Structure formats: C-alpha cells, structure tokens
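# Let me see the structure of the following:
(chains A, B, C, D, E, F, G, H, I and J, ligands or ions: 5)
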Amino acid sequence: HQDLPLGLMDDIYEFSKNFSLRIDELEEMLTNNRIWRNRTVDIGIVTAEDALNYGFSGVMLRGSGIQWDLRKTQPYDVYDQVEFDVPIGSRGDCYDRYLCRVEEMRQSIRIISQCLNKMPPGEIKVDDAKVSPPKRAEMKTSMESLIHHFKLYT
Amino acid sequence: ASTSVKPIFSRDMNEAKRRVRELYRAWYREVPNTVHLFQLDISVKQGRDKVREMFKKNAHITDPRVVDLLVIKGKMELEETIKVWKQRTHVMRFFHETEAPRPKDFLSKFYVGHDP
Amino acid sequence: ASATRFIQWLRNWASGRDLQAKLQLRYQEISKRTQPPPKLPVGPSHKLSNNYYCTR
Amino acid sequence: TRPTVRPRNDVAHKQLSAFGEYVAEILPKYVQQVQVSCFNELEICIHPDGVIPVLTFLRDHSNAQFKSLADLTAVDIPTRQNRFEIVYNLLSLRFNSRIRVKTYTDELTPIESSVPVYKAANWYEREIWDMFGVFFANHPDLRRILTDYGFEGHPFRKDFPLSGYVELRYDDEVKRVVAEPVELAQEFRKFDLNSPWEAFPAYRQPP
Amino acid sequence: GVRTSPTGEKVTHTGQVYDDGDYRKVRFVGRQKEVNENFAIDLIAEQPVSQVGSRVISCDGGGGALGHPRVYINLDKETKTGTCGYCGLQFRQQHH
Amino acid sequence: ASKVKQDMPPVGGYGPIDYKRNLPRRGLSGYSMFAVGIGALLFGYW
Amino acid sequence: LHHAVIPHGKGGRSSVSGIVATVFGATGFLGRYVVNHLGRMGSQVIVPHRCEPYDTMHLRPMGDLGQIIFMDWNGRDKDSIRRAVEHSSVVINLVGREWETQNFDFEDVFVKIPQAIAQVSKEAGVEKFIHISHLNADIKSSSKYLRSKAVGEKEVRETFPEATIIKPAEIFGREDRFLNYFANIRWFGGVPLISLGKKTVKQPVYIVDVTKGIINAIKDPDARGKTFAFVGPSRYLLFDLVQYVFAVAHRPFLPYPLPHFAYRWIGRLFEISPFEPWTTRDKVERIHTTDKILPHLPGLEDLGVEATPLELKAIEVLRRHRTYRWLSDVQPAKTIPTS
Amino acid sequence: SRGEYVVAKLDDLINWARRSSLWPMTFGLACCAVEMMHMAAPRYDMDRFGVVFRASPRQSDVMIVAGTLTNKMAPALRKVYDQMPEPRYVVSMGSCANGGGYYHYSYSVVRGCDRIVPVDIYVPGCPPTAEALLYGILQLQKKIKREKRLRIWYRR
Amino acid sequence: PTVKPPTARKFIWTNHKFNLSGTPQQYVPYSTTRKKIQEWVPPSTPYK
Amino acid sequence: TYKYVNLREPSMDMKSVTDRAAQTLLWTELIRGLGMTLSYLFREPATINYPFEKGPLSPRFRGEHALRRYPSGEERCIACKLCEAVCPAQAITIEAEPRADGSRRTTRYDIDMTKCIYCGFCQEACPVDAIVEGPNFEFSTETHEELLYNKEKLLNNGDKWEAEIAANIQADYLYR
Ligand SMILES: NC(=O)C1=CN([C@@H]2O[C@H](COP(=O)(O)OP(=O)(O)OC[C@H]3O[C@@H](n4cnc5c(N)ncnc54)[C@H](OP(=O)(O)O)[C@@H]3O)[C@@H](O)[C@H]2O)C=CC1
Ligand code: SF4
Ligand code: SF4
Ligand code: SF4
Ligand SMILES: [Zn+2]
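Numbers count the residues shown, from 1 in each chain, chains lettered A, B, ... in the order given. Ligands and ions are numbered 1, 2, ... in the order given. You can find the structure just below:
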C-alpha cells in the first residue's frame, strides 16, 4: 500500500543484530534441559508415509525427515534470490519439530539480512491504474486518475 | 435413462419406511434418559409427543432418496443427544418456549402487519 | 546500560556471555522520530509517448 | 518483457498438456474433460463414479505419485442441473507438480468417500456435508464439524441467506440461551456494482 | 448559530429537533444532546469574495495535494458569483 | 528539484548479523566433579 | 393523540411496539419478568432505580440498544417521579417491601409512594396506569402489610380514576419468597406451623401468569378502570402445600405445632437484624392467611392468560434445595374441591 | 460525626480492595487474545496493577471477552459467568465482542456479547492495542471506586 | 509544541476535554435527519 | 540446501560416558539453567510507567475517527459516498441533500464503532481528506450506545483533534 518510511530499514538492522542472542537464551532454558526433553522426546511420532497421506505440511513433513519446503520447490516472489537452509528432522517427534522451529528462526535472520542489503529502489505497487489505485496527488490533477480512483473504491 | 438415479440406502419405499420405524424406536426409548441427564423440566409424555410431531410433518414424502436423508439426519440428531454433545439449550430449542404466538386467522395478521 | 560494573560482571558470568553489547533495550541507536520529507520514484508507465495502454 | 504483465511459461504449458492426454488415455472410462489454464494449472474432469479409480491411480501410479491431498471442497452453481461441484487438489512431491480433479453431484446423489485413498479426506468430507449438504457414502464418521449442534441448513449454498434464519440471546425467564427468528438493527445493504459494459471480449459467450 | 427550540432543545445544522411530545427526548434526560456549535453555512458565507482578472479561475482548496480536486470556474456571468463546488469560496471578475 | 529520496540501505551495506547457534561450553570434566564430591564427603566423615 | 407511536416489525427484539413504559420498582423479583416481556417485544422501558447501578445490570441484556433507560429517583422527590413519566404512555408500579425500615415503613411504601406516582402521572398526561395489590387486602386484618395495601388501593382510584388494579396471590418463582421460604426452614430443625397448617387455604399463582397478565392490560382497552385478581388453578391446604415442598426437595419433614402468639414472639427477634429479616411478625400472618375467593372480579382468563398449575413448575424452583444431583415421582398435593 | 461518614469511609476500603486486586478470567477466543497477552508482557505488565495474568472461574472477579462470540460458544460463556462469584464485572474487548465487528452479518456470530452477559466496559478497536485495553481496566477501577454499596444500605 | 506549535484556527477547541463516559456530559446518539413522510392534518372546522 | 538438526550420535568413550553420568547424578545442566534466570534478576525491566509513559506510535496510526474542515470552516465532506462503498464492514451510513445555499453536503453521517474494523480504507478513498482516523486510541465507553457515532460526534472530534491530525498528515501525505 505504501513505501517504507525513512529510517525503518535501519531499525530492522538493530533488531536483527541482537535477536540471535535471544534465541540462544531460549535454547539454554529448553534444548538440553532434561525435563523439557522428557516431555518432547519420543512423543507424537509420525511416519513419513502417514504424514503425506494425512495431508500434513510444513514442519510436520520436515520433522519426519521429508525434504520439502515450498519456498525452494515452488518459489514465489523473490525467494529464488535468497540463500537459506531448511532444517530437517531425523526422529519425527515433538523434540525434533521443536528444533526445526528454533532453527527456522535463525534462517529468518539470515534472510532478513539479505533483504536489507538487496532492496532495490522504485515503485511499490503495479503501475496500472485499472488494478492498483493512483496517487492522491495525481487523483487531484488528472481526470483519468480520478475516474479510476472513483471506480476502484466503489 | 435420466429417471434412473443412484440410491442412498434403500431401493424403494417399502425398504425405506423400515428405517423410519427403526429410527422411531431409538427416539422413543431415548427421551426418558434424555430428560434425566439434561435435567429438563418437561415430562416424558410431551417429550415423546414432540417426536410424534416431527415425524408427522414429513409424512407426505414419496421419494425414497428424500426419506433416506431425513433418516440419516435423524440418526445424527440422536447421536448428539446420547453422547450429550448437545447442551441443555439445544434439546429445548424444539419446544419454542420464548416465541410469542403468530396467529393464523386473517384478522390477526391484518391488524398486526402487512405479511400474509 | 546504567548497571554498575560489579552487576555487569555478575550478569555476564551467570549467563555465560557478554550481554552488554546486545542489549534488548533501545537507547540511542534508533532512527529519529522525525524525518526529512521524501520524494518517491515513479513507475515505468510515466511516459508521455510510446505508452498506449493496449501494449501493457 | 513488460514490467506490469505476468510472464508466460510455455514449457510448463506443454508438459501439463502432455500429462493431460496421458491420463485421458489410461482412464477413458471416467475422464470427461481435461483443461490447462493460461497460468499453467491442470484440471481433470471425471464422472462421479470414478472418484476412487482416478484418485487411486494418481496416488499410486509411478508417473503420477500424487501423495498429498492439498484440499477438498465443493462449489455451488445453482443453474446447473447437478449444482454441486466437488474439487480435489493433489500434490506430487516426486515430480513437483499439482493436479486438480473435479467431479459433480446433486442434492440426493451420494459420492463415494475417498478416505481409503487419502486419510486427510476424513474431515474435509464432513465439512462438505455440513456446509453443502452433499452426503459421502461409506464415510467412517459423517457429522457436522463447523456448524452449531442442531443447525438446520447448509450455509455455503447460494440460497442460504447471509444472515441465517435464527439468532441467539439470553432470555432471563428460562435461564438459558434461546433461539428466535432473525431481526437486524441495520439491514445488510445490497449493492449493484456490476458495470453494464463488457469487461473482457476474450471470454464472450455465444449469443 | 444554534436556534434553540421553544421547549429548550438545540437545533443542529441539519435542522433536526424533536417535537414537543416525542418520547425520543427521554434519551437526553440526565445527559446532554451532542451539538456542533460551528456551522458550515455560517463560516463560508463570511468569507471575502476574491476578485480575479481572467474569465476562468481555478480552485484547488489551498494547500496543493492537501485540498480538493482542481476545478476551473467560469466568471463570465455578471449577475452572480462563481462558486467552487467543493470548498464554497467565491470569485468575481474585475470589470468585464 | 532534488533527486529521488526513499528508504534504502546505506552505501556499503549493513554490518554482519550473526545467526548461528553459539551455546558456550563450560564446566569441569566429569571425573573432576566426582573427585570434589567424593573428597567433600571424606572430609565430612572425618 | 396525534403522535400515536405506530407498531412496526414482527414483535421481536428489534421491532417497535409503541409502549413507552415506566416500571417503578423494576429491580426486584416481579420487575425482572415485566421488563423482560416489555423489552422482548421492542418497547421503550424507563427503569427508575433507587439501588446501585450494579444491581440493575441483569436488566441490560433484556432490551435492544437504547430501549432500556435507567434513571435515578427518590420516593420523596416528586420532581424525580415526573422526569420519569412525562414522556411515557404507561406507568406500572411494583414498589413494595416485606419488612419495615428505619426510613421506610408500610405506610410510606404502599400508600404515600403509590399515591405520589398516580398524582404525578395524571398531570404528566399518562393515559394508562397499572397498580399491583394483594388478593387478601382489607382494612380489618392483623397483618400491617395487608392493611396498608387496602388503604393505598383505594387512594389510587380516587387519584387516577382510569387506573387498573391487580390483586395477585402469593407468587411462586425462582427468586420468590414463598416456595424458597418454606424450603429454607430446614435449617432450624422442624417446620413450625400455626395450629398444624389446617384451616389455611392458599391459591398461589405463577410469576409468568402474572407477568403475561400485566402486559395484556397494556394492550387491550377493556382493562381500563377495572380490578382483577390473579389466582392459581387449584386451592391447596397450607400443610399439604408445605409437605409437597419437602417432597420435591427430598428432605426430612417433621412438622410440629406452634401457638399463634408464640410464632409472633420469634418473629420479633428475627426482625431485630439490620439486614433482610429472615422472618417477621408480619410474614407469619400472611403465610397463615386464607386467600379470599372474590368471584366478582375478573381473573387471568378474562385477560386471555391461562393459569399455570403448581405441580408442573415446582421442580423448577426447588431443584437447588436437593442435596443430590440426580436422585434417580412425588405425588401431587391434595387439592380442595372447587365446589 | 454522622454515621454517613463512618459508612462512607468504610465503603472506600472495600472499594479499594476490590480495585487493587482485580483477578481476570480471560476468555481468549480470537485475535483479540494476542493483545491481551501483550498487556501481560514485560512492556506493560498488568501484574503491577494487582491484576494477575490468569485465574480459575471461581477465583476470578472480572471476565474479559476477547474475540468473536459464535452461537456454538455462547452457551458456555454464559455458564462461566453464572458460576463466577460476586461481585463480577465483564469487560468487552474488541469490535467482535461489542457488536459483531467484521462478522456482524454472519449466521454463526452473536451480534454482541451484551446479548448474553452484562457488560461494564467496552474497549473499541480491531484489535484494541494492548495499551487501549489497559485504559479499559483502569477505567474499570474508577467505576468500582464510585460504587456506593454501603451508602445505599444506610438509607433504605 | 514550544518549538513547533500547531497551526491555529477559529474552529479548534481552546479547552480540551477528556473521556466523558459515565458522567452527565456523555454522548447520547440520535438520528440527525428529518421526518420523511408527512401525515394529513384534518380540518378543524366541523362539517355539516 | 538443508541441514540436520538432531542427527549427531552421542560418543561412547570413557570420558564421554562419565560426563553424561556426572550430568545425571549431579544435576549439572539444570544448574546452568538457573544461571540464565539469575542474569535477568539483574537487568533493567522493560516496563513503561503507564499512564505517565506511553508506547511509541507513528503518524500512520489508525484510531478514533473525525470529520475534518477546510481552513475557512466549511466541511470537506461533499457527500460522495465513496467511503460508504469501500467500508468492508458496512459501518458507515450516509444521506445527503442540497443545503439552503445549494451545496452538496450531508444530513446523516454515522460510523458504528462496533462494526468498524479500523482498517483505513475510508480515508484512502475520500477524495478531499474529510474522514480520517485520528491518533486517539483511548475512548473506552461504559455503554454500547455511545459507540455509535453520528455527524455531531465526528465533527467535534475534528474540532478537538485538528491540531494533531493536521500535523500527522503533513508528515505522511508524501507516501500516500
Ligand atoms: N412477590 C409476591 O409474592 C407478591 C407481590 N405483590 C406485590 O408486588 C409488589 C412487589 O413485588 P416484588 O418484586 O416481589 O417486590 P421486591 O422485594 O422484589 O422489590 C420491590 C421493588 O420496589 C423497590 N422499593 C422498595 N421500597 C422502595 C422505596 N422506599 N423507594 C423506592 N423503591 C422501593 C425496590 O427497589 P430496591 O430493591 O432496588 O431498593 C424493589 O425494586 C408489591 O406491591 C407486592 O404487594 C402482590 C402479591 C404477592
Ligand atoms: S475485533 Fe478484530 S482483532 Fe478482535 S477478534 Fe474481531 S477481528 Fe480479531
Ligand atoms: S476503518 Fe475500515 S471498517 Fe472502519 S469505517 Fe473506515 S473503512 Fe469502515
Ligand atoms: S467522507 Fe469523503 S469519501 Fe465519505 S462521503 Fe464525505 S467526501 Fe465522500
Ligand atoms: Zn475550492
């Protein structure tokens, strides 16, 4: 709908710079804890074939070892220009799917870093007034840009 | 032929009207302990009268496939009252204890509003 | 960031890491709340010629 | 390429068309129509009597291997004699492709349940029965899933009003939540937005 | 410019006022009737009329892209005054 | 008549961002901890 | 009447019925049902309350947005009465109290306040007026409660000549003080009764029957300036009636006699409390007063309502006095022949 | 000197106790439950106003309805309200719980929780920001501060 | 405001009010339009 | 590219097994967990002192509504009903008629703040910036009725918040 306000991509960098430590503090409490492991290890075991035949998707397939992530197999937008890894489980239980999600938080920081650097300039909505509305400056000075504004919102 | 149509459970009315009776037996032998678990304030008498009314309204049907659905839906409405998935309010929504009468005589409808 | 040195050492020792360089509270590294007005670009259809709609 | 036009994929268009004839040749008994949309989707239309033979083929055949039921839903078109339109969306991780299989039925005609082929279809078929009234034969458990208990109707059909027929409140006389005919403080306002000018000459029907 | 009715109920710029025996006046007992004091029709008729030296003058509400769609007004008629359809300001031609 | 000004990354890009797991390793060997525990007892018993 | 608010709709929650009602004393047991019916049919109900706004909260769900209106009033400020009735078309008075207080007694609540409401309403222009009295109302009864209603009932008809007066009997219901009262005597051991409950005949009436009757008087024009007497379908003997209560409650029943004078003694030490008295000397008399059989006053049937039997809706009230949830039929109480 | 003053001060104490120890029961049903959790997060920390994160229905005082109240769920909401010990207050949070919100015209949505339980405060928004809700809870305290439960007893 | 004061106008309030809910100054909604259908007032002069 | 999350096998040498035995018997790992919470016992809490402190916002924020005016005093709304036709929740009702001075102006404008989802489409479609979502977010009410705004309440909000609404648009009208 609008372009990013000036001074936003800097704040995202400040947040992304310190987030990775917060994940580490999360893992200290849970990953190697014996109490947390006993409530997630060998719990909810799902076989690879059952996951596919029950319609499971996401970490419910990867957690069981199936290598599949739509961002890399059927890419949309510009997910074909960012490098990241897809965490994969080996056991297929609650603990493994908890490690995929915690790992997916680290690969998101990895992707967010690249998006900040590789952001290109230009417009932010399709330059076609019959699908996306025109700017308010133009809607108030051109008769074509007012008709299309009138009919896109009514 | 277009008239030929796949059946649901029963291939003709004689076979279809058997299920209506078997379904009716289930309801008649379920009100007394329905009124007990749900702690309703209606006697088993008028509880059983209600089931009589519901069947009697679907008495003009003559299509075996329409009757099968009215039984299939009837069985579902029973599984909810035996497994107590329905709450006290759901079972008492048949008896309409909060809707004022809507008279059928012409003058009463004429006095109140424009509807027929 | 106002923690005395002894507390800084104790928090750092307990956690096993240097927490002072990655504070979760923001002090002055945030961008200013008022910014110079922008002037955004215009799309590739802002041409006065060779821009008939039927070709796009 | 133009900066505001989605580019074509002719390579995918040919491959899916080739696979469309492959299925049509292996199942002449059930396949009635086969399309490929301009954005490269493959739709297979089959007689309703071929839900299991055509799904079991795609789920097991080596050159198909569609081992995941993405979704299952029905579309209501009142004008057609068989109003309802059952739709299957399958996925193939082996070949990284998707196929959509469509069939149909009407109010009183059963459609064979596909739970034996896809266990994911268990709950989906309950949703179709609850919202559309289609009855699936041999379903292990067919019950309302979304609607309120004792709800009479099938909301997603095109002739069930948006506001329903009954509404709930709490009447203190009986100390329970009761149901009464629907009255609205502000009627939903119907807008006639369709323009009277043909928008797309490409999709013009014959007179 | 409120025109309080005889019973003591203020009249809004739209002209709404409950009659003497309308039961709907009970909603104000113990409370107040929200009325906007500044009337639009009394603040735009107290503006000076602008004198311009051309047959067509264009108004855009003042403030550029923060006003209203720019329109062009014809001042050829001596009897009356040109009037912006959006903002209500008036323009007149100097002498011809 | 200024140029186009919109939010963009600063020239030279942003500094590196860490994301990998960095759980530190600490403590004594398993043998040593037993030695202190066993030794703590014997002084206690004595 | 050139305004004549015009009914619209299907008689539901969002409809308009044209009845602008001021229900005095609507925060109590009898008020809950009258406000509920008026609002359930889309009516403009003004609810003057003396209590705190918290106690009126249960009334808010009983009407559409803007229908139930709450005002603050005092029984001794006629200006607060007029502010609540100048815009209305019907005034219903349900004000009452089972006990006296340092501030309000039986003379004030049953005579002075009802008299003030009628005088203010008449000048304000209200065309209707519904008053509630008691069936056993007379000026020669030991009870002070029943003496003050007979006086007040007469003053209403000399101040509002068109007023409608209703004379129900002891009304039973979920929040009542008649059936719940008897069930609560289980705390003190036995169940004392003057004499042994014989020679006492009562004719209780269901709350909804009273509530449905009051509304009808607001619609039909034949109820103006007329007196009624809402009574139940059957007459019971007080001992049999109380025995039935403990039967549904499924609790021990050990009635024992108590002299009339002795029953008044205990009623004096139970009314010393600065809170809701458990029992009062006045309460003992009314529990042992034989409901009149006035046959010349129209009843519920004359207003289209049908009386509800006690047996049908008795398990509803007493369900919570039982000490077990399910308890796996109680014989109907002996009924005096109508004759 | 007058008893009114003795009972006016004594009413302030009970008002103070009931306003400084609100124990809410969150009926988190939809998105509006996320903003409720944020209000309990470090930044706002409802717990420092005496408002505990969560409680059981019979240890609770205020019910926060945060989400869309469907017909299927309405019977359960009323039952919990009936079992809450008094005094009890309901805070209606979000457009869905006030008058229906986005789904006003749905066949399955109850067009406002005020049709099922009484409401003491309405917090608008979609969702109401975590700070907007904290304005509703504080505005609820000022309602309890104005209550005159003991005064009205003394003048019956 | 001390540095960049707001623009001043005649219609802007000079006395900001706070949340007035619960007090007598609260806002009570009403319809701002006029009556749509007008009734027929019979003549006040008796006939015959 | 993928990576294995839990594929490393544990060692089976004498030192390794004793480390796992010492961990089990001496509760070593759990004592490490107590350390992290101890650090948070000596960190400055992130709690702001509401209502004397406030959470940060931006000029784009969407709060309570308000009908604006021109610098003169005339209403900006010319009763075009574009906002009414884009409102996802149908929370706006508008009626209009010629004024005594022959101008296109409204005689009814109500926003049902209980139906409204605070989405911003009404101010994107208004061609004259008449309806805006102000920066206020503190308008909790005690009754349902007083959340059904009409033209008077909205016009008061314009006359009440014009100082801040006009500033916010000045800081944001170049992006939109
Ligand atoms: N219920 C029965 O069995 C019988 C009822 N009636 C008659 O019905 C009427 C009462 O019915 P009921 O609902 O059970 O009575 P309630 O005990 O439930 O309360 C009566 C109402 O009147 C109000 N009230 C009492 N005194 C005053 C006062 N000085 N000033 C203002 N308000 C006052 C009370 O307000 P608040 O409590 O908020 O202070 C209350 O809301 C009486 O006239 C009674 O004679 C007739 C026959 C039998
Ligand atoms: S009001 Fe908005 S945020 Fe809250 S439940 Fe409804 S849609 Fe979700
Ligand atoms: S914010 Fe969205 S839902 Fe609310 S009034 Fe504006 S357009 Fe309608
Ligand atoms: S507020 Fe704006 S969009 Fe809505 S009717 Fe008025 S001028 Fe048109
Ligand atoms: Zn203009």
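
# tell me the contacts of residue 11?
Just so you know, I chose chain A. C:30-31 (Cβ atoms under 8 Å, 6 or more residues apart in numbering or on different chains). Every residue, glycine included, has its C-beta placed from N, CA and C.

# Chain J is the one I meant
Counting by Cβ under 8 Å, 6+ apart, residue J:11 has contacts residue J:17.

# what about residue C:46, neighbour count?
11 (other Cβ atoms under 10 Å in any protein chain shown).

# Would you mind naming what in chain J lies close to chain F?
Within chain J, the residues that sit near chain F (Cβ under 8 Å from any Cβ of the partner chain) are J:15, J:18-23, J:26, J:28, J:32.

# For chain H, which segments are assigned as strands?
Assigned strands in chain H, in chain order: H:24-28, H:62-66, H:89-93, H:121-123 (criterion: DSSP state E).

# next one: phi and psi at residue J:20?
Taking degrees, to the nearest 10, you get phi -70, psi -30 for the backbone angles of residue J:20.

# Now for residue 5: which residues touch it?
Let's take chain A. With Cβ under 8 Å, 6+ apart, residue A:5 has these contacts: C:35, F:7, J:58, J:60, J:175.

# if you could check chain J rather than the one you did, that'd help
Going by Cβ under 8 Å, 6+ apart, residue J:5 touches A:87-90, A:96, A:99-100, A:103.

# The residue nearest to residue H:135 when sequence neighbours are not counted - how many residues pack around it?
The shortest distance from residue H:135 to any non-neighbouring residue, by Cβ to Cβ, 6 or more residues apart in numbering or on different chains, is to residue J:138 (4.7 Å). Per other Cβ under 10 Å, the neighbour tally for residue J:138 reads 18.

# Check for me that residue J:138 belongs to a helix.
No: the assignment for residue J:138 (DSSP: H, G, I helix; E, B strand; the rest coil) gives coil, which keeps it out of a helix.

# Verify the contact between it and residue H:136 for me.
No: with contacts counted by Cβ atoms under 8 Å, residue J:138 stays clear of residue H:136, the gap being 9.1 Å.

# which one of the residues of chain J next to chain F sits closest to residue D:38?
Nearest to residue D:38 out of those is residue J:32 (Cβ to Cβ; 59.6 Å).

# Just the buried subset of the contacts of residue A:5, written out for ChimeraX, thanks.
Those of the contacts of residue A:5 that count as buried under 16 or more other Cβ atoms under 10 Å in any protein chain shown are selected in ChimeraX with:
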select /F:7 /J:175
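
# I'd like the contacts of residue A:5 as a markdown table, with secondary structure appended.
Formatted as a markdown table, the contacts of residue A:5 follow (three-state DSSP):
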| residue | secondary structure |
| --- | --- |
| C:35 | coil |
| F:7 | coil |
| J:58 | coil |
| J:60 | coil |
| J:175 | coil |
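
# what's the closest of the contacts of residue A:5 to residue H:73?
Taking these together and measuring to residue H:73 by Cβ to Cβ, the closest member is residue J:60, at 34.5 Å.

# That closest one and residue J:172 touch, don't they?
Yes: using Cβ under 8 Å, residue J:60 is in contact with residue J:172, at 5.9 Å.

# when you scan the helix or strand containing residue D:24, is anything in it near chain A?
Per DSSP states H and E: residue D:24 is located in helix D:10-26. No: using Cβ under 8 Å from any Cβ, helix D:10-26 stays clear of chain A, coming no nearer than 11.4 Å.

# Identify the residues contacting that helix?
Residues contacting helix D:10-26 (Cβ under 8 Å, 6+ apart): D:31, D:34-36, D:40-42, D:44, D:54, D:57-58, D:61, D:63-64, D:97, D:99.

# if I pick residue D:32, what's in contact with it?
D:45-47.
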